[PDB]
Amino acid sequence: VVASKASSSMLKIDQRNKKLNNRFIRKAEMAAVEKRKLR
Amino acid sequence: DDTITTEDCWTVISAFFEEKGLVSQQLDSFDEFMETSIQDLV
Amino acid sequence: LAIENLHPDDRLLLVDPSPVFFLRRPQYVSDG
Amino acid sequence: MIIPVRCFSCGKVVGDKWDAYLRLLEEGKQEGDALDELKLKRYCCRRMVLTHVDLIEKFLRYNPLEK
Amino acid sequence: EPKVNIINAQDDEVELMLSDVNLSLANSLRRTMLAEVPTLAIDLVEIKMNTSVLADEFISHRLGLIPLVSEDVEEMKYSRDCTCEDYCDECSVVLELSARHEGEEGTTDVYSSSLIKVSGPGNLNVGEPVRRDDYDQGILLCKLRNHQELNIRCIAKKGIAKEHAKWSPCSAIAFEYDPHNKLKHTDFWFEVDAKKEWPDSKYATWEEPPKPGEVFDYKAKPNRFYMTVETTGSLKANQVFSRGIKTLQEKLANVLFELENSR
Amino acid sequence: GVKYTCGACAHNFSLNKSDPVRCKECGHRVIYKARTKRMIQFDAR
Amino acid sequence: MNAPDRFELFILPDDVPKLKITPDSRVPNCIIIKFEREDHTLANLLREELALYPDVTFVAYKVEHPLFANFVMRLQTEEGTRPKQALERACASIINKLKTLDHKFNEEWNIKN
Ligand SMILES: [Zn+2]
Ligand SMILES: [Zn+2]
Ligand SMILES: [Zn+2]
Numbered sequence: 395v396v397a398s399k400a401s402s403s404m405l406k407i408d409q410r411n412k413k414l415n416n417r418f419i420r421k422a423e424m425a426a427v428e429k430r431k432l433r
Numbered sequence: 009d010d011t012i013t014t015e016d017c018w019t020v021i022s023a024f025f026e027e028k029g030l031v032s033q034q035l036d037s038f039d040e041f042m043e044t045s046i047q048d049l050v
Numbered sequence: 097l098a099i100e101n102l103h104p105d106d107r108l109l110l111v112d113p123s124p125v126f127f128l129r130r131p132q133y134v135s136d137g
Numbered sequence: 001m002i003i004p005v006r007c008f009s010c011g012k013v014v015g016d017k018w019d020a021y022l023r024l025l026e027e028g029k030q031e032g033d034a035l036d037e038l039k040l041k042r043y044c045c046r047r048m049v050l051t052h053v054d055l056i057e058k059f060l061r062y063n064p065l066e067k
Numbered sequence: 004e005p006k007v008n009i010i011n012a013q014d015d016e017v018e019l020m021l022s023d024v025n026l027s028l029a030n031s032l033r034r035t036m037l038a039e040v041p042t043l044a045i046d047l048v049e050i051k052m053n054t055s056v057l058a059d060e061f062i063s064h065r066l067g068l069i070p071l072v073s074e075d076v077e078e079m080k081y082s083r084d085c086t087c088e089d090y091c092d093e094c095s096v097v098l099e100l101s102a103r104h105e106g107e108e109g110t111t112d113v114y115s116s117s118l119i120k121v122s123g124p125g126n127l128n129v130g131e132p133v134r135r136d137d138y139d140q141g142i143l144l145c146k147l148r149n150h151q152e153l154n155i156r157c158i159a160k161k162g163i164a165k166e167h168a169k170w171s172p173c174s175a176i177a178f179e180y181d182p183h184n185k186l187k188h189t190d191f192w193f194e195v196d197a198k199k200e201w202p203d204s205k206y207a208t209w210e211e212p213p214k215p216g217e218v219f220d221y222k223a224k225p226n227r228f229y230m231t232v233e234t235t236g237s238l239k240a241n242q243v244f245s246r247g248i249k250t251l252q253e254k255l256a257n258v259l260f261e262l263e264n265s266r
Numbered sequence: 028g029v030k031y032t033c034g035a036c037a038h039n040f041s042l043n044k045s046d047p048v049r050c051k052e053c054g055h056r057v058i059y060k061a062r063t064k065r066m067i068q069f070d071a072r
Numbered sequence: 001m002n003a004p005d006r007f008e009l010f011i012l013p014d015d016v017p018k019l020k021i022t023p024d025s026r027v028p029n030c031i032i033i034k035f036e037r038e039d040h041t042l043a044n045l046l047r048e049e050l051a052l053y054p055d056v057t058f059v060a061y062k063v064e065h066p067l068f069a070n071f072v073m074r075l076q077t078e079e080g081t082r083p084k085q086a087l088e089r090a091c092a093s094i095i096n097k098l099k100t101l102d103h104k105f106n107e108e109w110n111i112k113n
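Residue numbers (the entry's author numbering), protein chains in the order written: chain r, 395 to 433; chain B, 9 to 50; chain v, 97 to 113, 123 to 137; chain J, 1 to 67; chain C, 4 to 266; chain L, 28 to 72; chain K, 1 to 113.
Rendered as structure tokens:
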């Protein structure tokens, strides 16, 4: 393929952002559901 | 086990769209046609 | 190490002079 | 398609900060922190860089028509 | 009687305070700096070859928006006021860009630093594209892959932002007066309490908050105006301020000349 | 007299209004006219 | 297709005067001035300068349509003074104010640099 440097950088950014989203959004949702449950 | 969050549901939906796509019904119907229907009609 | 590895009392010393579920980090390739 | 030269709302030159923005995102900075580092204070200018889609990279993958 | 006080000063931005002036004068100064200070910008593009993936008018529009150095643009003439044939050295600056990708792999970026000044006014500091540093590459113009070339010749002319926004020296002019709302020029929307639902101004500490037992002063007028002028690099901030003042003076003098000539 | 360009291998050639419309070297059936020589000017606005 | 040329906002035609003054006979000592190729920038400045003069009893302006670059001013003065003289005094006063403002700005910039 011989990918460009900008495209490879964007791919690395996308992988990091996907991992960070999958952690943080799931943790926030768990905190919200436990708070709604304890009420 | 552990509970299932909304993010897990979106992971399952992502699996669905990774396997099927958005035009799977058209392609599957045409493939069924070409594979068997012409022979059966003949 | 990171903020998590910091002691909780020292974490309490970091006072602004929590993430929310509806602020996603932007992507470029998406999925599907 | 390619990063606009000026901000639509106020006209600040944002066309010289795309590669630096990608570099900062590569280093692990958050998008808001990266925009802060590039001195984009008004949210009109932050919108220009935060919501840009680089379509020229897809257009360049087709073979040239003249050689 | 008018006074000027400067808070922060930089090449590309100045934050000042105007006092003992009318609101109309400050607003007219803001409008003049936004729309009527002349600069230099590319206006005609001759395209000799363009085999990139971008349309010709796309690249021409991008070229128009590149800020050029306009320090000596006051000594230049307007193209329609020049008696010369076609374009000469006293009403235009000629720049040339030639880019190509060598090799069969990779991509080449075309930056505004690749624009080369070929001709212009003798000993005037006009025409060169603005650059923050010596190692800065400038504004991204295009991208080229193998066997794609760009070869253009541009003509920079003098103009004002009234004709097209590419000639504007400023980006945004912050403008503000009366942070504590003593003149009651605005009526604050609220749900419970207006005081704690509205953020404080950044100049709220520059003025004494009104006393609780004070009564409304109906004889007061706006007196102190805070403004920040941000430039695109084509001119320095002090140059923009001085040339705005000069442009307003020239407009007023033209009105006075028309009045005296009317007799 | 008139220049062309192949749609596949980007090869340049000429036609005399009597040859079949084909690429000389790779035999593609799709060819494109070359850009004119007249002056092209834009107003950068 | 029907868009006017952008330079028409500020370039004055050869046959169009920059300034046309007619009297307003309804009230004494009033004139109507028509400014061509001008907008709020000059109008508001002149109006709010003239409104502070003791011998000026009425001053106003209006831009009839935003698609045409012109405005019309109405000016009424006392019996002793003529409105044109008041307009000239206002122009000279604003020029002097801008001159001292520029001087003080240059002084402060030199001090702080
Ligand atoms: Zn902006
Ligand atoms: Zn000339
Ligand atoms: Zn061929």
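For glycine and all other residues, C-beta sits at the position ideal for the given N, C-alpha and C.
Q.
Let me check you understand the geometry: is the CB of L:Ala-35 closer than 7 Å to at least one non-hydrogen atom of ligand 3?
A. Correct: L:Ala-35 has its Cβ closer than 7 Å to ligand 3.
Q) Taking Cβ to Cβ, would you say K:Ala-43 is nearer than 8 Å to K:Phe-68? A) By the CB criterion at 8 Å, K:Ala-43 and K:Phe-68 fall outside the cutoff.
Q: Go ahead and pull the three-state DSSP assignment for C:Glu-261.
A: Under the three-state reduction of DSSP output, C:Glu-261 falls in the helix class.
Q: Output, in sequence order along the chain, the residues in the segment 97-126 of chain C whose CB is closer than 8 Å to any CB in chain r.
A: Residues of the segment 97-126 of chain C whose Cβ lies closer than 8 Å to any Cβ of chain r, in chain order: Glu-108, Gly-109, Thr-110.
Q) Since C:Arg-65 and C:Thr-110 are thought to touch, with beta carbons under 8 Å apart, how far apart are those beta carbons, to the nearest angstrom? A) Beta-carbon to beta-carbon, C:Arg-65 and C:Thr-110 are separated by about 17 Å, too far to satisfy the 8 Å threshold.
Q | Members of the segment 398-423 of chain r near chain J, C-beta cut-off 8 Å | A | Listed by position along the chain: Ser-398, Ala-400, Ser-401, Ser-403, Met-404, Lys-406, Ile-407, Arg-410.
Q) Along chain J, which residues have their Cβ under 8 Å away from the Cβ of C:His-150? A) Chain-order list of chain J residues neighbouring C:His-150: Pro-64, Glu-66, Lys-67, by C-beta distance under 8 Å.
Q) Where the beta carbon is closer than 7 Å to any heavy atom of ligand 2, which residues qualify, in chain order? A) Ordered along the chain, the selected set is C:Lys-80, C:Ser-82, C:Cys-85, C:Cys-87, C:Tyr-90, C:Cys-91, C:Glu-93, C:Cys-94, C:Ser-95.
Q: Entirely within the segment 40-64 of chain K and at least 3 residues each: give me those beta strand (DSSP E) ranges in chain order.
A: The segment 40-64 of chain K contains these whole beta strand (DSSP E) runs: 56-62.
Q: Check whether the Cβ atoms of C:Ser-73 and K:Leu-45 sit closer than 8 Å, and answer yes or no.
A: Inclusion of C:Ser-73 and K:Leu-45 in the CB contact set at 8 Å is not warranted, their separation being larger than that value.
Q: Spell out whether any CB of chain r is found under 8 Å from the CB atom of B:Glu-26.
A: False, the Cβ-Cβ gap to chain r never drops below 8 Å.
Q) Are the C-beta atoms of r:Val-427 and some chain C residue less than 8 Å apart? A) By this cut-off, r:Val-427 is not an interface position.
Q) Is the closest heavy atom of ligand 1 to the C-beta of C:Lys-161 under 7 Å? A) No, the beta carbon of C:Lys-161 sits no closer than 7 Å to any heavy atom of ligand 1.
Q. Measuring CA to CA, which of J:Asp-19, J:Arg-6, J:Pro-4, J:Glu-66 is closest to C:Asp-139?
A. Ranking J:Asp-19, J:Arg-6, J:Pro-4, J:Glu-66 by Cα distance to C:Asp-139 puts J:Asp-19 first.
Q) Short check: CB of C:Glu-78 to CB of C:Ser-174, under 8 Å? A) Cβ distance not < 8 Å, so C:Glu-78 and C:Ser-174 don't count as in contact.
Q) DSSP puts K:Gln-76 in a beta bridge; with which residues? A) Answer is K:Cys-30, K:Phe-58, bridged to K:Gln-76.
Q) How should L:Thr-63 be labelled, buried or exposed, when 16 other C-beta atoms within 10 angstroms of its C-beta is the threshold for buried? A) By the 10 Å Cβ count, L:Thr-63 comes out exposed.
Q. Start and end of the beta strand (DSSP E) containing C:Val-113?
A. Where C:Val-113 is concerned, the enclosing beta strand (DSSP E) stretches over 111-114.
Q. What are the start and end residues of the alpha helix (DSSP H) that includes C:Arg-156?
A. Boundaries around C:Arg-156 are those of the beta strand (DSSP E), 152-162, since no alpha helix (DSSP H) includes it.
Q | alpha helix (DSSP H) segment containing C:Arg-227, residue limits | A | Annotation: C:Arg-227 is outside any alpha helix (DSSP H); the continuous beta strand (DSSP E) that includes it extends over 227-234.
Q.
In whole angstroms, give me the CA-to-CA distance for C:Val-243 and K:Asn-110.
A. Taking the CA atoms as reference points, C:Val-243 sits about 16 Å from K:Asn-110.
Q. Can the beta-carbon of J:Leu-25 be found closer than 8 Å to that of r:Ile-419?
A. In this structure, r:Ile-419 does not lie closer than 8 Å to J:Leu-25 by Cβ.
**Q.** Status (buried if at least 16 other CB within 10 Å, exposed otherwise) for J:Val-14
**A.** Classified as buried, J:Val-14 has 16 or more neighbouring CB atoms from the shown chains inside 10 Å of its CB.
Q | Span separating the alpha-carbon of C:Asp-112 from that of J:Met-1 | A | Between C:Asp-112 and J:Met-1, the C-alpha separation is close to 14 Å.
Q | Cβ of C:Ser-63 within 8 Å of any chain L Cβ | A | C:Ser-63 counts as touching chain L.
**Q.** Neighbouring residues (CB closer than 6 Å to any heavy atom of ligand 1)
**A.** Counting every residue whose Cβ lies closer than 6 Å to a heavy atom of ligand 1, we get J:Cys-7, J:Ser-9, J:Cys-10, J:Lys-12, J:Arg-42, J:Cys-44, J:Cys-45.
**Q.** CB of C:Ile-62 within 8 Å of CB of C:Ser-115, strictly
**A.** For C:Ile-62 and C:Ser-115, no; Cβs fall outside 8 Å.
Q.
One question on the structure: do C:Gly-162 and L:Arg-72 come within less than 8 Å of each other, judged by their Cβ atoms?
A. No; because the gap between Cβ atoms is not below 8 Å, this pair is not in contact.
Q: State yes or no: is the C-beta of L:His-38 nearer than 7 Å to some heavy atom of ligand 3?
A: With a cutoff of 7 Å, L:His-38 counts as near ligand 3, since its C-beta is closer than that to a heavy atom of the ligand.
(Q) Measuring alpha carbon to alpha carbon, tell me which residue in C:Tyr-221, C:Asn-257, C:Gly-106, C:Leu-47 is nearest C:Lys-169. (A) Check the Cα spacing between C:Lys-169 and each of C:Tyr-221, C:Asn-257, C:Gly-106, C:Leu-47: the tightest is with C:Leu-47.
(Q) C:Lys-249 and C:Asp-14 - do their beta-carbons sit closer together than 8 Å? (A) Contact check for C:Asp-14 against C:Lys-249 fails: the beta carbons are separated by 8 Å or more.
**Q.** Any chain K beta carbon closer than 8 Å to C:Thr-235
**A.** Not flagged as an interface residue toward chain K: C:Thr-235, since no C-beta distance is shorter than 8 Å.
Q | Residue range of the beta strand (DSSP E) that includes C:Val-195 | A | Unbroken run through C:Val-195: none, as it is neither H nor E.
Q. Since K:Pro-23 is in the alpha helix (DSSP H), which residue starts that stretch and which ends it?
A. That residue, K:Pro-23, is in no alpha helix (DSSP H); its beta strand (DSSP E) goes 19-23.
Q: Compute the distance between the beta-carbons of C:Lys-185 and C:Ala-159, then report whether it is under 8 Å.
A: In this structure, C:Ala-159 does not lie closer than 8 Å to C:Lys-185 by Cβ.
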